[PDB]
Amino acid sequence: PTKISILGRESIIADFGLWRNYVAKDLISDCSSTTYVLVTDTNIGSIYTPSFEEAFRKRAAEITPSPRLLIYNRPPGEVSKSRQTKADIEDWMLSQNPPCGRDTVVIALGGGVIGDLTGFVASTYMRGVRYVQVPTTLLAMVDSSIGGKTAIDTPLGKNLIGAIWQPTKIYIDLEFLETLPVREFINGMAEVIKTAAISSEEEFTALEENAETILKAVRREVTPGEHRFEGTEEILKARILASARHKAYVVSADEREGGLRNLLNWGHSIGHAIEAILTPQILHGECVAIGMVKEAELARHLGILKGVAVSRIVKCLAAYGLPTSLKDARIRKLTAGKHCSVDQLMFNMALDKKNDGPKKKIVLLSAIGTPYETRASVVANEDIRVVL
């Protein structure tokens, strides 16, 4: 079992089968409380909550008095990361008998949507309650669940309202990947690739080599019993952990994005601008993949990044089934009639939280695994437009 520390605390426990046999117990011993609220959507719930309710009663039978478990299920989709859902969830908790108090321990069981949402609710519930992350997707395991960033979407853009609330525990259970849809898995690989590109050429090269093997396992059939990733697990764990460990480091050194944390946003300046236009038809990771390509092209444009690097980024993202341009085949049919104007994209980048005033900040890599600055660089509009 791997333990990664973040911000002076060992909130990260990684292993296989945690959900089934560890989270239930650990929660009741390290997160003493009379109330526990489980948040997840209908898809993840029907598959994973049942087993937990039992694991819960079992470990709560021994504690006096016995705490309680309350399960909230919301409509799966990047459409629940909103004000209304966060409102219903809060009201719901408040209507409970007895109500859910400041000792409430909230459990985020899901990907980035449920994670971002659950964590935000927890940050403002009665001004703050404890919560834990149980990332069930790849993207949430290698990125979203770590770091304490949470938020919701408003009609204008992505993650415009939120809070930096660190979760008390973060349980990374690789077993969840067994049931994660193919698209989702690829989608999350965008983040893994991104994390490697800003940290080490070694890790990136590793990811390039793992391509075929990893991709062949994800597409595999699997019969009720054996686990996909049969014979590729050591590789998987190694890659996932590398991503998680690096994020932990960055977050530790600059929790509130005073500068260094900007780097975790590589590909997101353009990615988010695009995502605000093509969501929900297009997933986060898929948009970020295209954003990494355009931001990379921008770095070459500025004479910061070498062309050979731009091509290698594209080839790597392509090798994982990720799109590398807004003209991509799949992405074309999925939008149906949606297209990004250079104007809209520029309008949305004005909304980039990294911006310092009206100065747009984008992460520029000077080379694979080597950022240009230890923060986002100020870039002029005209230069952005050229790659759009």
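Throughout, we count residues from 1 along the sequence that is shown.
Compared with other PDB entries of the same protein, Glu203 is present in all of those that resolve the residues around it, none of them, let alone a third, dropping it. Residue-level annotation: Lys353 lacks coordinates in a third or more of the other entries compared, counting only those that model residues on either side of it. A summary of the deposited B-factors shows that, of 13-21 and 376-384, the stretch with the larger mean C-alpha value is 13-21. The stretch 74-82 shows the higher mean C-alpha B-factor when 74-82 is compared against 179-187 in the entry.
In this entry, the residue among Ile164, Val314, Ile274, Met93 with the greatest C-alpha B factor is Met93. When the Cα B-factors of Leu351, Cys340, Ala319, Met346 are read from the PDB record, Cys340 comes out highest. Looking at the C-alpha B-factors along this chain, the one for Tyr125 belongs to the middle third.
The PDB entry assigns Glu221 a C-alpha temperature factor belonging to the highest third of its chain's modelled residues. Ranked by C-alpha B-factor against the other modelled residues of its chain, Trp266 falls in the lowest third.
Per-chain ranking of the deposited C-alpha B factor places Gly231 in the highest third. Sorting the modelled residues of the chain by their CA temperature factor places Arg102 in the middle third.
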